[PDB]
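Everything on this sheet refers to the single structure shown next.
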Amino acid sequence: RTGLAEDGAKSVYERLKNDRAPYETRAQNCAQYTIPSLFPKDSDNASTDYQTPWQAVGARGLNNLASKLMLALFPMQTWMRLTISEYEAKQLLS
Amino acid sequence: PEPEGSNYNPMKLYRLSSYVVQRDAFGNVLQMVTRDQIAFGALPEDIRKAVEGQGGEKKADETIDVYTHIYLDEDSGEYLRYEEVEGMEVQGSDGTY
Amino acid sequence: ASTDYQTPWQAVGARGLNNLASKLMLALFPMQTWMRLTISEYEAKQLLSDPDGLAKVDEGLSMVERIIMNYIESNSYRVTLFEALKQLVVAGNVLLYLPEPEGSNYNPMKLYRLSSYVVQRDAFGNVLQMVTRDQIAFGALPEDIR
Amino acid sequence: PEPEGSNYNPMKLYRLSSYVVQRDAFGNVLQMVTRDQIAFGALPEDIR
Amino acid sequence: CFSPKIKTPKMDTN
Amino acid sequence: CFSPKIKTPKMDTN
Amino acid sequence: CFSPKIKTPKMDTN
Amino acid sequence: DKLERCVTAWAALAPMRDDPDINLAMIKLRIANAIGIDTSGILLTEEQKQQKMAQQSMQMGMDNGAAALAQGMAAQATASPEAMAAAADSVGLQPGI
Amino acid sequence: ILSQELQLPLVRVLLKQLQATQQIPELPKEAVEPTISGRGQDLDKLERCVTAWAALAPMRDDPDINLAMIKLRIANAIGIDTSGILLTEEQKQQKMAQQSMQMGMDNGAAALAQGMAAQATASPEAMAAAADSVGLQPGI
Amino acid sequence: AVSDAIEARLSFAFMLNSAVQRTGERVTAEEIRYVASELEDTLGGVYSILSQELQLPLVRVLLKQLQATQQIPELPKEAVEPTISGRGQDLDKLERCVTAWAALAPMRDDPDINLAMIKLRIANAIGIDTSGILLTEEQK
Amino acid sequence: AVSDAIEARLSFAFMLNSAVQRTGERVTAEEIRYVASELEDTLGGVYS
């Protein structure tokens, strides 16, 4: 494989882990103050205890936001529509 | 994943810790790599031959790092896809999107 | 990527901005058609002989704006327009580029932030010239640019 | 349990202290063992 | 020698 | 020699 | 040899 | 909004539909003109009014004629048992049963 | 003063500019324009007459009161132009004739079809004539 | 006091309904409705990106995958998809015409007004496609 | 005060109707319905 795949999939993954590291750090910090188990660290395992944050708005806020986004983007009602160009369709059917 | 008939085919979620994306300033996705830690017994057959054929005896519970590489091809402006395990591309994993 | 943006000590700024852009988005680009193709009444009656012909003229214009509204929704213009409105609240400046549509393919319009373009405009207000910067990878470049 | 005719067939509940499951990082159930402590009289014929 | 309407009050089924 | 209306209640299907 | 009302219930197309 | 205001204003003229003094057409035109809608085509032309009068006349004529024809045609179909058999042979039915 | 300072000169310039480009028909030269926050006033006047005239509706069969006079006074009291509002005597005759003309066609079409249908079904031989006419045929 | 103040502004940012509940004091139903409308409007701000970022790529991939497995008929290649929080908009337009057309019902026997023209303008004013709504002369 | 403050947020996390009832003061009916929907909305996340 040439181009971007010249290094190999694992080689590319390891090189770009450094680029994504600040986003992981921020995600861990955001999880620390909302829901610690939502974004565990790479060193977290089955023995890790997640302390409840001293404030509750973060956990309450994340759950409310994720639920409210879910109803807005994927409701029971159909949220996508297939539309045919009205002029183009009329130029094809009589 | 590609649907197989009427079989239950839930989509796979990758958290940020399990994938990397390279994206230019223009915003185009150049390449994506996903890492799957799958046990040898749970491996797909095609991937399993790659691990078996390379050499060594793997326990059924032993974890295998499967890397799927999706990158922008220079020609035709399409995405070339393949799965890589233990430094070797899996036979039949090559594809395009 | 390594920059951490501190939360402002006061919240009315973020709260006011999001409310402003959302209200601007609702007023400027509502679900109902926000533009109409108007045929000037006197010229039309000078070219057609019956009010029925004028009515079917309005039907064609009504069809055209439905296609335009359908095109805007199908190409995610509202996603790009809302980002532009947010940029206009903080920067007062944004450049919108509408690429030429190739068939019925997905053709979203490109948003340029103030840091990615320059414009020169005379005191009369005319756009003399404007240059945009696209930082595109070699693989992602179009064939002609490549 | 496999339903025998129309007889009463409640499903058995195993608490975390009565079973173990092994799962790879991909999330597949590789294996799982349940522990049943059944008296000799209450055992099924094949187990007895 | 025929009449079309169906007769139901007293006649035998046959 | 013909009659116009359809005959429906008893006529043989023919 | 003509009759005014259209004949519709049983007659064929011809 | 202009159209819906005209309809409500015109619907107010319904109580005086049989008034012999007021020119309701003049009031309807004035109401539409005051609203500001284009008045071209909202009022029926004299030929159009004649056509509507003919159509409702033809509605009663065809509907009465269709009823009158079928009653008369049925009478001739059941005039005699011999003509009774003729109707069956016509539609394809049979008298012998 | 913005009506005189801004609105009216705006309309004055636009009228001449749209006339030079033929976007509006040439004005009769006797057309004046007020800038009014108008036509809505005329509509309001008309709506009052309709409601006031509807108050006269229950008394349509009054043999004493001259309802035509009362309607004219109501219209005058509102202040609208009464030219053409009341039907002229020839207009009332036209409505008188048109009402009779209508059911003349309605009963005429009904009576014509019933006799035409009856004579079409007078005899089976005559009934074939209707079939052969419209393109139908007896023997199917 | 500062804890309540920070929690109050965090609650509005996280769309929590304790924001309309307020820190204390009496509240009214109508204002809670209006301020909740502010919450749902700024809600549109945060998922506007996810429509392009998540909803459209989901539908595009699903359309191709369901076509390859023949679970859906092959698309005419001219069909585009918007992700709209759509069909409900079209239903709303149609319902407006029916109510608007029902307003024309009392004057069904009006000899002056061309009701067919009025219905066409009403349909045009709504903005729906009028092809086939009005019966053609042969259909009538 | 801290007991009530923690019990209040634990009540919301457990979806107890003490959260709508509040520790004290006066409460209106319509405000309860809108915030009851919030409990029904955060209900969606826990069984998802």
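Ordering of the structure tokens sets the chain letters (A, B, ...); residue numbers start at 1 within each chain; ligands are numbered from 1 in the order shown.
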Once chain G is superposed on chain F with a least-squares fit on all C-alpha pairs taken in order, can you show it as a PDB file with C-alpha atoms, in the first residue's frame?
```pdb
ATOM      1  CA  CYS G   1     -86.812 -10.085 -29.019  1.00  0.00           C
ATOM      2  CA  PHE G   2     -84.723  -8.221 -26.443  1.00  0.00           C
ATOM      3  CA  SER G   3     -85.320  -6.428 -23.163  1.00  0.00           C
ATOM      4  CA  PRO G   4     -83.000  -3.753 -21.768  1.00  0.00           C
ATOM      5  CA  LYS G   5     -82.776  -4.147 -17.975  1.00  0.00           C
ATOM      6  CA  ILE G   6     -80.398  -6.721 -16.524  1.00  0.00           C
ATOM      7  CA  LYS G   7     -82.148  -9.739 -15.004  1.00  0.00           C
ATOM      8  CA  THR G   8     -80.748 -10.450 -11.546  1.00  0.00           C
ATOM      9  CA  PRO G   9     -82.905 -11.984  -8.763  1.00  0.00           C
ATOM     10  CA  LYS G  10     -83.616 -15.630  -9.780  1.00  0.00           C
ATOM     11  CA  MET G  11     -82.003 -16.415 -13.115  1.00  0.00           C
ATOM     12  CA  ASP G  12     -78.947 -18.694 -13.522  1.00  0.00           C
ATOM     13  CA  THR G  13     -75.531 -18.044 -15.100  1.00  0.00           C
ATOM     14  CA  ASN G  14     -75.950 -20.267 -18.219  1.00  0.00           C
TER      15      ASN G  14
END
```
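Near residue 49 in chain A, within 12 Å and counting only C-alpha atoms, sit residues 36, 37, 40 and 41 of chain A, not including residues fewer than 6 positions from it in the same chain.
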Point-to-point distance in Å for CA of residue 132 in chain I and CA of residue 116 in chain I: 15.9 Å
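For residue 113 in chain C, the list of residues within 10 Å, based on only C-alpha atoms and with local chain neighbours fewer than 5 positions off taken out, reads residues 83, 84, 87, 88, 91, 93, 94, 95, 96, 118, 132 and 133 of chain C.
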Those same residues - N, CA and C atoms - I'd like them written as a CSV table (one decimal), in the first residue's frame.
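Result saved to result01.csv:
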```csv
chain,number,residue,atom,x,y,z
C,83,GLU,N,-23.9,28.6,11.5
C,83,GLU,CA,-22.5,28.9,11.8
C,83,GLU,C,-22.1,30.2,11.3
C,84,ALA,N,-22.6,30.6,10.1
C,84,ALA,CA,-22.3,32.0,9.6
C,84,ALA,C,-22.9,33.0,10.5
C,87,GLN,N,-20.8,33.5,13.5
C,87,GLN,CA,-19.6,34.2,13.1
C,87,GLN,C,-19.9,35.7,13.0
C,88,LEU,N,-21.1,36.0,12.5
C,88,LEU,CA,-21.5,37.4,12.3
C,88,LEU,C,-21.7,38.1,13.6
C,91,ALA,N,-17.7,38.1,15.0
C,91,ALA,CA,-16.8,38.8,14.1
C,91,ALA,C,-17.4,39.8,13.2
C,93,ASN,N,-18.3,39.3,10.3
C,93,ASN,CA,-17.7,39.0,9.0
C,93,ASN,C,-17.7,37.5,8.8
C,94,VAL,N,-18.2,37.1,7.6
C,94,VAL,CA,-18.1,35.7,7.1
C,94,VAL,C,-18.2,35.7,5.6
C,95,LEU,N,-17.6,34.8,4.9
C,95,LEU,CA,-17.7,34.6,3.5
C,95,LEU,C,-18.3,33.3,3.2
C,96,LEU,N,-19.4,33.3,2.4
C,96,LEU,CA,-20.1,32.2,2.0
C,96,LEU,C,-19.8,31.9,0.5
C,118,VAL,N,-9.7,37.6,2.8
C,118,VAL,CA,-9.6,39.1,2.8
C,118,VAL,C,-10.5,39.6,1.7
C,132,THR,N,-9.4,34.1,-0.8
C,132,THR,CA,-9.7,33.1,0.2
C,132,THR,C,-8.5,32.2,0.3
C,133,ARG,N,-8.2,31.7,1.5
C,133,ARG,CA,-7.2,30.6,1.7
C,133,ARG,C,-7.9,29.3,1.9
```
At most 9 Å to chain B: residues in chain A, only C-alpha atoms, as a PyMOL selection string: chain A and resi 3-5+8-14+16-17+19-21+23-24+27+39+41-42
Write the residues you've just listed into a file as a compact mmCIF listing (two decimals), in the first residue's frame, and include C-alpha atoms for each of them.
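Below you can see part.txt, which holds the result:
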```
# COMPACT_ATOMS: atom_id res chain seq x y z
CA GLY A 3 0.41 7.00 0.06
CA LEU A 4 -1.08 7.30 3.53
CA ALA A 5 -1.06 3.52 4.03
CA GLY A 8 0.77 0.56 7.93
CA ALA A 9 -2.44 0.81 9.93
CA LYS A 10 -0.80 0.32 13.33
CA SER A 11 2.04 2.73 12.52
CA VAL A 12 -0.45 5.43 11.50
CA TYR A 13 -2.54 4.81 14.63
CA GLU A 14 0.44 5.17 16.97
CA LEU A 16 -1.73 10.07 15.46
CA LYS A 17 -2.30 9.06 19.10
CA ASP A 19 -2.39 14.39 18.04
CA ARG A 20 -5.57 13.12 19.72
CA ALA A 21 -4.07 13.21 23.23
CA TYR A 23 -8.84 15.75 23.22
CA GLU A 24 -8.60 12.70 25.48
CA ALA A 27 -12.67 14.43 27.70
CA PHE A 39 -14.97 8.62 29.68
CA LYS A 41 -8.82 6.82 31.36
CA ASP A 42 -6.74 4.26 29.50
```
Contacts of residue 26 in chain K at 9 Å (only C-alpha atoms; same-chain gap of 2+ positions) as number ranges by chain: J: 25-26; K: 22, 24, 28
Those of chain B in DSSP strand (DSSP E or B), formatted as JSON, numbers by chain: {"B": [19, 20, 21, 22, 23, 29, 30, 31, 32, 33, 34, 35, 36, 37, 38, 39, 63, 64, 65, 66, 67, 68, 69, 70, 71, 72, 79, 80, 81, 82, 83, 84, 85, 88, 89, 95, 96]}
Test item: residues at most 8 Å from range 26-32 of chain C, only C-alpha atoms, excluding those fewer than 2 positions along its chain, as a PyMOL selection string: (chain C and resi 22-24+34+78) or (chain J and resi 89)
Given the selection you just returned, output its residues as a file containing C-alpha atoms, formatted as a short mmCIF file (atom, residue, chain, number, x, y, z; two decimals), in the first residue's frame.
```cif
data_model
loop_
_atom_site.label_atom_id
_atom_site.label_comp_id
_atom_site.auth_asym_id
_atom_site.auth_seq_id
_atom_site.Cartn_x
_atom_site.Cartn_y
_atom_site.Cartn_z
CA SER C 22 -30.91 31.01 17.08
CA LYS C 23 -33.37 33.92 16.94
CA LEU C 24 -31.63 35.28 13.84
CA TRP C 34 -38.62 33.03 3.31
CA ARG C 78 -29.14 25.73 7.49
CA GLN J 89 -44.53 20.64 7.25
#
```
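Our summary of the geometry notes that CA of residue 78 in chain H is positioned 18.1 Å from CA of residue 139 in chain I.
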Neighbour list for residue 13 in chain D as a PyMOL selection string, cut-off 12 Å, only C-alpha atoms, skip fewer than 4 positions in-chain: chain D and resi 1+17-19+34-36
Neighbours of chain A in chain J at 7 Å, counting only C-alpha atoms, as a PyMOL selection string: chain J and resi 7+11+14-16+47+78-86
Please write the residues from the selection above to a file, keeping N, CA and C atoms, as a short mmCIF file (atom, residue, chain, number, x, y, z; two decimals), in the first residue's frame.
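So result20.cif came out as:
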```cif
data_model
loop_
_atom_site.label_atom_id
_atom_site.label_comp_id
_atom_site.auth_asym_id
_atom_site.auth_seq_id
_atom_site.Cartn_x
_atom_site.Cartn_y
_atom_site.Cartn_z
N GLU J 7 -24.66 27.44 39.56
CA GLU J 7 -25.53 26.32 39.22
C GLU J 7 -26.71 26.79 38.38
N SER J 11 -27.32 25.42 34.71
CA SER J 11 -28.58 24.75 34.41
C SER J 11 -29.17 25.23 33.09
N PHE J 14 -27.22 23.72 30.28
CA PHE J 14 -27.47 22.29 30.16
C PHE J 14 -28.94 21.98 29.94
N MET J 15 -29.76 23.00 29.69
CA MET J 15 -31.16 22.87 29.30
C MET J 15 -32.02 22.31 30.43
N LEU J 16 -31.54 22.41 31.67
CA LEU J 16 -32.27 21.86 32.80
C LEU J 16 -33.53 22.67 33.07
N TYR J 47 -27.49 21.17 18.17
CA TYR J 47 -27.62 20.01 17.29
C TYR J 47 -27.70 20.39 15.82
N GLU J 78 -31.96 10.47 -8.67
CA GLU J 78 -32.25 11.89 -8.57
C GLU J 78 -32.88 12.26 -7.23
N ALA J 79 -32.88 11.34 -6.27
CA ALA J 79 -33.52 11.55 -4.98
C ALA J 79 -32.49 12.04 -3.97
N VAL J 80 -32.79 13.18 -3.35
CA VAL J 80 -31.95 13.75 -2.30
C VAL J 80 -32.70 13.64 -0.99
N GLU J 81 -31.96 13.68 0.12
CA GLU J 81 -32.58 13.55 1.43
C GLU J 81 -32.20 14.72 2.33
N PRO J 82 -33.17 15.49 2.81
CA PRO J 82 -32.90 16.37 3.95
C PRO J 82 -33.22 15.68 5.26
N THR J 83 -32.46 15.98 6.31
CA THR J 83 -32.78 15.52 7.65
C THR J 83 -33.48 16.66 8.39
N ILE J 84 -34.79 16.53 8.56
CA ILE J 84 -35.63 17.60 9.08
C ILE J 84 -36.29 17.13 10.36
N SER J 85 -36.22 17.96 11.40
CA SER J 85 -36.86 17.66 12.68
C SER J 85 -38.37 17.51 12.52
N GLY J 86 -40.48 19.09 7.06
CA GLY J 86 -40.50 17.83 6.36
C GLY J 86 -41.89 17.42 5.93
#
```
Would you tabulate, counting only C-alpha atoms, all residues of chain J that have an atom at most 9 Å from an atom of chain C, showing the closest pair of atoms and their distance in Å to one decimal, sorted by chain then ascending number, as a tab-separated table?
```
residue	atom	partner	partner_atom	distance
J:6	CA	C:11	CA	8.8
J:9	CA	C:11	CA	6.5
J:10	CA	C:11	CA	8.5
J:12	CA	C:15	CA	8.3
J:13	CA	C:15	CA	7.3
J:38	CA	C:19	CA	7.3
J:39	CA	C:19	CA	8.7
J:41	CA	C:22	CA	6.1
J:42	CA	C:19	CA	5.5
J:43	CA	C:22	CA	8.6
J:44	CA	C:22	CA	7.0
J:45	CA	C:22	CA	6.1
J:46	CA	C:18	CA	8.8
J:48	CA	C:79	CA	5.4
J:49	CA	C:79	CA	5.8
J:50	CA	C:79	CA	8.6
J:51	CA	C:79	CA	7.3
J:52	CA	C:76	CA	6.3
J:56	CA	C:76	CA	8.8
J:77	CA	C:104	CA	8.1
J:78	CA	C:104	CA	6.0
J:79	CA	C:104	CA	7.5
J:80	CA	C:74	CA	6.2
J:81	CA	C:74	CA	5.6
J:82	CA	C:74	CA	4.2
J:83	CA	C:74	CA	7.6
J:84	CA	C:73	CA	8.0
J:86	CA	C:31	CA	8.8
J:89	CA	C:31	CA	7.8
J:117	CA	C:52	CA	8.4
J:120	CA	C:55	CA	7.9
J:121	CA	C:55	CA	7.6
J:124	CA	C:59	CA	6.6
J:125	CA	C:62	CA	8.9
J:127	CA	C:62	CA	6.2
J:128	CA	C:62	CA	8.0
J:129	CA	C:63	CA	6.8
J:130	CA	C:59	CA	7.3
J:131	CA	C:59	CA	8.9
```
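Our summary of the geometry notes that CA of residue 64 in chain J is positioned 23.3 Å from CA of residue 92 in chain A.
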Neighbours of chain F in chain I at 8 Å, counting only C-alpha atoms, as a VMD selection string: chain I and resid 124 to 125 138 to 139
Alpha helix (DSSP H) residues, from DSSP on the backbone, in chain K, as a PyMOL selection string: chain K and resi 2-13+18-21+29-46
Print the selection's residues with N, CA and C atoms to a file, as a CSV table (one decimal), in the first residue's frame.
```
chain,number,residue,atom,x,y,z
K,2,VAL,N,-27.2,21.1,54.3
K,2,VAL,CA,-26.4,20.3,53.4
K,2,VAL,C,-27.1,18.9,53.2
K,3,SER,N,-27.7,18.4,54.2
K,3,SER,CA,-28.5,17.2,54.1
K,3,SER,C,-29.6,17.4,53.1
K,4,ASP,N,-30.4,18.5,53.2
K,4,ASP,CA,-31.5,18.7,52.2
K,4,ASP,C,-30.9,18.9,50.8
K,5,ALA,N,-29.8,19.6,50.7
K,5,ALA,CA,-29.2,19.9,49.4
K,5,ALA,C,-28.8,18.6,48.7
K,6,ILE,N,-28.1,17.7,49.5
K,6,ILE,CA,-27.7,16.5,48.9
K,6,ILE,C,-28.9,15.6,48.6
K,7,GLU,N,-29.9,15.5,49.6
K,7,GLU,CA,-31.0,14.7,49.4
K,7,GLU,C,-31.9,15.2,48.2
K,8,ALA,N,-31.8,16.5,47.9
K,8,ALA,CA,-32.6,17.0,46.8
K,8,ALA,C,-32.0,16.6,45.5
K,9,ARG,N,-30.7,16.6,45.3
K,9,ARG,CA,-30.0,16.2,44.1
K,9,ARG,C,-30.0,14.7,43.9
K,10,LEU,N,-29.9,14.0,45.1
K,10,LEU,CA,-30.1,12.5,45.0
K,10,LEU,C,-31.5,12.1,44.6
K,11,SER,N,-32.5,12.9,45.1
K,11,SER,CA,-33.9,12.7,44.7
K,11,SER,C,-34.1,12.8,43.2
K,12,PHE,N,-33.5,13.9,42.6
K,12,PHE,CA,-33.5,14.0,41.1
K,12,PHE,C,-32.8,12.9,40.4
K,13,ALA,N,-31.7,12.5,40.9
K,13,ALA,CA,-30.9,11.4,40.3
K,13,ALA,C,-31.7,10.1,40.4
K,18,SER,N,-40.0,14.0,45.4
K,18,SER,CA,-39.6,15.0,46.3
K,18,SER,C,-39.0,16.2,45.6
K,19,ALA,N,-38.3,15.9,44.5
K,19,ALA,CA,-37.7,17.0,43.7
K,19,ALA,C,-38.7,18.0,43.2
K,20,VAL,N,-39.8,17.5,42.7
K,20,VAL,CA,-40.9,18.4,42.3
K,20,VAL,C,-41.6,19.0,43.6
K,21,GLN,N,-41.7,18.2,44.6
K,21,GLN,CA,-42.4,18.6,45.8
K,21,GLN,C,-41.6,19.7,46.6
K,29,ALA,N,-48.9,24.0,40.2
K,29,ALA,CA,-49.2,22.7,39.5
K,29,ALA,C,-48.5,22.7,38.1
K,30,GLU,N,-48.6,23.8,37.4
K,30,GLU,CA,-48.1,23.7,36.0
K,30,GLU,C,-46.6,23.6,35.9
K,31,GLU,N,-45.8,24.2,36.9
K,31,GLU,CA,-44.4,24.1,36.9
K,31,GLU,C,-44.0,22.6,37.2
K,32,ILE,N,-44.8,21.9,37.9
K,32,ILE,CA,-44.5,20.5,38.2
K,32,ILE,C,-44.6,19.6,37.0
K,33,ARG,N,-45.6,19.9,36.1
K,33,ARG,CA,-45.8,19.1,34.9
K,33,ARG,C,-44.6,19.2,34.0
K,34,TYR,N,-44.1,20.5,33.8
K,34,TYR,CA,-43.0,20.7,32.8
K,34,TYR,C,-41.7,20.0,33.4
K,35,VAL,N,-41.5,20.1,34.7
K,35,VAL,CA,-40.3,19.5,35.3
K,35,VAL,C,-40.5,18.0,35.5
K,36,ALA,N,-41.8,17.5,35.5
K,36,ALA,CA,-42.0,16.1,35.5
K,36,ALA,C,-41.6,15.5,34.2
K,37,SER,N,-41.8,16.2,33.1
K,37,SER,CA,-41.3,15.8,31.8
K,37,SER,C,-39.8,15.6,31.8
K,38,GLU,N,-39.1,16.5,32.6
K,38,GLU,CA,-37.7,16.4,32.7
K,38,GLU,C,-37.3,15.0,33.3
K,39,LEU,N,-38.0,14.6,34.4
K,39,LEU,CA,-37.8,13.3,35.0
K,39,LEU,C,-38.1,12.2,34.0
K,40,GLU,N,-39.2,12.4,33.2
K,40,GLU,CA,-39.5,11.4,32.2
K,40,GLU,C,-38.4,11.4,31.1
K,41,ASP,N,-37.8,12.5,30.8
K,41,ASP,CA,-36.8,12.6,29.8
K,41,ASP,C,-35.5,11.9,30.3
K,42,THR,N,-35.1,12.2,31.5
K,42,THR,CA,-33.9,11.6,32.1
K,42,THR,C,-34.2,10.1,32.4
K,43,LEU,N,-35.5,9.7,32.4
K,43,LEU,CA,-35.9,8.3,32.4
K,43,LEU,C,-35.4,7.6,31.2
K,44,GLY,N,-35.4,8.3,30.0
K,44,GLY,CA,-35.0,7.7,28.8
K,44,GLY,C,-33.6,7.2,28.8
K,45,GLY,N,-32.7,8.0,29.5
K,45,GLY,CA,-31.3,7.7,29.5
K,45,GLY,C,-30.9,6.4,30.3
K,46,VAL,N,-31.7,6.1,31.3
K,46,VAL,CA,-31.2,5.1,32.2
K,46,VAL,C,-31.6,3.7,31.7
```
